[PDB]
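Everything below concerns the one structure shown next.
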Number of protein chains: 6
Amino acid sequence: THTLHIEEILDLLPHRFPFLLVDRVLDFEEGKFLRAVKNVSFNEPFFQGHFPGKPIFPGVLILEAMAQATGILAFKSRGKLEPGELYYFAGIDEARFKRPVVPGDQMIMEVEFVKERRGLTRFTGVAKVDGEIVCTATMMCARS
Amino acid sequence: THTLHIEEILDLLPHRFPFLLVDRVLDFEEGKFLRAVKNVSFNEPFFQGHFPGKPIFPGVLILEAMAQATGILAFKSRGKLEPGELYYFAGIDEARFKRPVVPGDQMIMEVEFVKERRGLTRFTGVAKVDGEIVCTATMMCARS
Amino acid sequence: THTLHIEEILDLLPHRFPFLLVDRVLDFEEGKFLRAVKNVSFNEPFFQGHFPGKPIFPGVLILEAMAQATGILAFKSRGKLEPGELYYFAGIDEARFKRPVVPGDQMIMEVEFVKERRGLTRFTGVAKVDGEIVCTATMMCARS
Amino acid sequence: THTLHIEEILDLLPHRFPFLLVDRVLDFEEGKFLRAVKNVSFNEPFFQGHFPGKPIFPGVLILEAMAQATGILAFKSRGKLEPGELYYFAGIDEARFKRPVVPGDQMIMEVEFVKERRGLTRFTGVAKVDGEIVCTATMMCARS
Amino acid sequence: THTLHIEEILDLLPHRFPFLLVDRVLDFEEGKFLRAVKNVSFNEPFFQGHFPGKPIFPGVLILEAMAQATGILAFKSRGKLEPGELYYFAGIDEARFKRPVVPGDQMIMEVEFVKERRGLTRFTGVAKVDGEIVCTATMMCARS
Amino acid sequence: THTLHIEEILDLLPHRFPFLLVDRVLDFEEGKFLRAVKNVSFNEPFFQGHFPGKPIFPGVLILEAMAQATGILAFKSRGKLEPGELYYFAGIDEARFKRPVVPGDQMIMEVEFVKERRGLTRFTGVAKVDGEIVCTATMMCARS
């Protein structure tokens, strides 16, 4: 119902190529949840290195893509970043990688706001491919 | 039933980054048809240039990706390329671009063998997004 | 007589790296024709992929470069793009690729306005290397 | 006393550009610890995107670089990877990012083997700049 | 005492990725000298080409990095570039390359103003790694 | 009469993208001279950084390209490099840059063998555009 396409994304997040890893927002409810898509394509620059002969989307970039999806939720819910402010990744708990994500996968990511605590915001994220979980993690993010 | 993932694709086509534009094969029947996926992601290198502020997947790259999908069909059907042989794009008729393809689109491509003619092979292709046609073309390819 | 160098080109076309494929305009007459140069260098990013061991300038990028050269004609003849407007590739007829274009080739391209029809503009293009034809095509372009 | 330069690293790890994030090994003791350097330079490709006007080395890439440093320890200690085998990132606990790492920083990373557990190996890592901690994490890695 | 970090550098020099080769300024005295750092990392794009299997930082890029460091001195000492003006490399005398610079090296560069002569400014530069000289040169630079 | 195209060049020089800067050899006489072409195209990766809004081919890359052209002469004249051997740039005298080289320029480079001296070989080079000199230099190169 509340979808954002890439130009709307570019207006919210400061990330640019080759480190903008949210391709679409499928739905969100402010202060609660956001569901985003990362299309995984062979034609992405990290796959040349990771690895030659055997393309594997880096687990660390799933954590990043989910953190980005929290940022989009945070900005739509609480206000846009002001010029020069940034959205800092502060911590991660319990990241678990279940199986490799590969070219052709459409990675569906769901992030949920948990609480604010200290000047940090805590989110959970779950990433799926073809309805199955490929990654979970709990993420802490802060605006400076 | 007959799916090929990226490693199988890399073994068939000689194209490499940043010009390998088939991410998966969903089905095929040798000598007849092939259905392939190109995942369209913001994190592809041509989107920096095409265009700043407004990402549009180039129509010429839809033609490329379909031509590559003919190559995979041709190789699986007729034999792999020999070292130093190439799969040449010889011509295109009636390419039509119906609307823009954008980050987050999964472009489903169907190619069909038509006939061989004067040392050339003729194919038709149709590319879809969300079940709607975004491009059609007739393609002529040759080995040499 | 009416030459445009790259900064003038950058002011007319919205394309940027790695998808700006017109390096110079040698001559033009508004509403009629334009003659442009694409220098083909090994140091272009697509050649890593197309193909390892055997650099071949992609035919699809000749079509693009010619379409770009039509855009430059269109903008100089009829007015510049307004912010957010774009120059859409709508169709191609009868693209023919005669032989491979390679590193060291200076690709001379000549585009001619044919007619407007529906809200499309029709152009013919011919690309030469060392005075010989390497590609022809008829292109349809539209401003949205 | 036990230093490895980049060619020795390239022979141990399968990662390549733009995802090989260990530039040198300063010391190690098989089965115990490894100390590595990641030089952080503006001329790295992710800084274009992260972020325009404000270069910040991604925290997720500090985790990657430390995971790579565990791989080098694992290979030197336990044996090189066999062709087609991979060094998989299975999980992370308690990653904490203490302050931003920036161009001109030399990031010194110390990884320690903790134990093997259910087919996984557990490692702790600590990354420093100018003697101060910028990141800690506990990492689980597996061969397959 | 007078250090400049990368955002200050980006405000002074017009160079951007992949050709900004000064990561930090350690000290300077206007009109006299400047001491700068170039961190040499495997993750820089030229190392893919220079050379496969054997990363060697190009000597020509040491000359560039030093010329950049002269520009930063020139701008801080004599005034910033005005929009559209540029800082031209006009000549080099007696460049000498002593040994290869490699991934993991922190290249410390010291440039000294010699004199102005014609509308050129003459500088000497010396680049060190681990306290040893790896390159010297005399450089002539001009503002247009 | 003695021309070498890119595949012949790739077999002689070890440089690869984005640091192979000789696109064709127009003529040569072993032990004496070589004339090579570098096509200068906007679609080269360094132009993004050098400079935004104003593309200028770096003078240091003219020196590189001429050094590469000496390498091709050296290999054709004296023997190919053995695996793991490199063609080292040892020094430069009297490099002079006469005016900017820009997208659309075809840079014609003439290198001449001067003499061997203390385990080094000395060469002169002259680079032209449209028959006019844009750069001269004396280059010292060594195998090791």
Side-chain angles (χ1 to χ4, degrees), chain A residues 10 13-22 44-68 71 81 83-102 118 120 134-142 144, chain D residues 10 13-22 44-68 71 81 83-102 118 120 134-142 144:
Chain A
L10 286 160
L13 294 177
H15 304 69
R16 292 294 184 275
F17 176 86
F19 229 77
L20 173 52
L21 301 172
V22 181
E44 291 192 68
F46 60 72
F47 271 122
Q48 265 194 125
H50 201 279
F51 299 90
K54 192 161 231 91
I56 301 293
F57 188 79
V60 299
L61 296 188
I62 303 177
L63 295 181
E64 180 70 24
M66 290 196 305
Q68 296 176 16
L81 278 178
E85 199 185 358
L86 295 174
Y87 192 65
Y88 188 54
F89 211 156
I92 306 172
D93 283 345
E94 296 188 305
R96 300 292 176 256
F97 301 118
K98 277 61 174 74
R99 55 162 92 66
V101 173
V102 300
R118 315 197 286 270
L120 300 184
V134 304
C135 179
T136 66
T138 299
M139 292 167 288
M140 282 61 71
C141 293
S144 195
Chain D
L10 289 163
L13 296 176
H15 306 69
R16 290 295 182 276
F17 176 87
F19 230 76
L20 172 54
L21 298 176
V22 181
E44 292 190 67
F46 56 74
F47 273 124
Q48 263 195 123
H50 200 277
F51 300 90
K54 189 152 225 214
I56 304 286
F57 188 80
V60 297
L61 297 190
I62 303 177
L63 300 178
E64 180 73 18
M66 288 197 307
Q68 289 179 18
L81 281 176
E85 211 191 340
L86 275 66
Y87 194 62
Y88 185 60
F89 212 159
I92 308 180
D93 282 345
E94 296 182 327
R96 298 295 176 257
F97 301 117
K98 309 331 286 153
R99 53 160 127 264
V101 172
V102 298
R118 300 181 185 76
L120 300 180
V134 305
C135 178
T136 66
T138 301
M139 295 170 283
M140 280 66 66
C141 291
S144 159

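All values below come from the heavy atoms of this structure, side chains included, with hydrogens, waters and symmetry mates left out. Letters go in sequence order (proteins before strands), and every chain restarts at 1.
Of the atoms belonging to A/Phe51, it is side-chain heavy atoms, and not backbone ones, that fall under 4.5 Å from chain D. Heavy atoms of A/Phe47 lying under 4.5 Å from chain D are absent altogether.
Minimum interatomic distance between A/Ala67 and A/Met139 (heavy atoms only, all atoms of both residues): N-SD, 3.6 Å. Minimum heavy-atom separation, D/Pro45 to A/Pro18: O-CD, 3.3 Å.
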Only pairs under 3.5 Å count here: list side-chain donor-acceptor contacts from residues 94-101 of chain D, not counting sequence neighbours, and write none if there are none.
from, atom 1, to, atom 2, distance (Å)
D/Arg96, NH1, A/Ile92, O, 3.3
D/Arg96, NH1, A/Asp93, OD1, 3.0
D/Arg96, NH2, A/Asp93, OD1, 2.9

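Residue with the most contacts toward chain A among D/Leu61, D/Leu63, D/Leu86: D/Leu86 (heavy-atom pairs, distance under 4.5 Å).
Residue pairs meeting the side-chain hydrogen bond (donor to acceptor under 3.5 Å, both in side chains) criterion with at least one member in residues 46-57 of chain D: none, sequence neighbours excluded.
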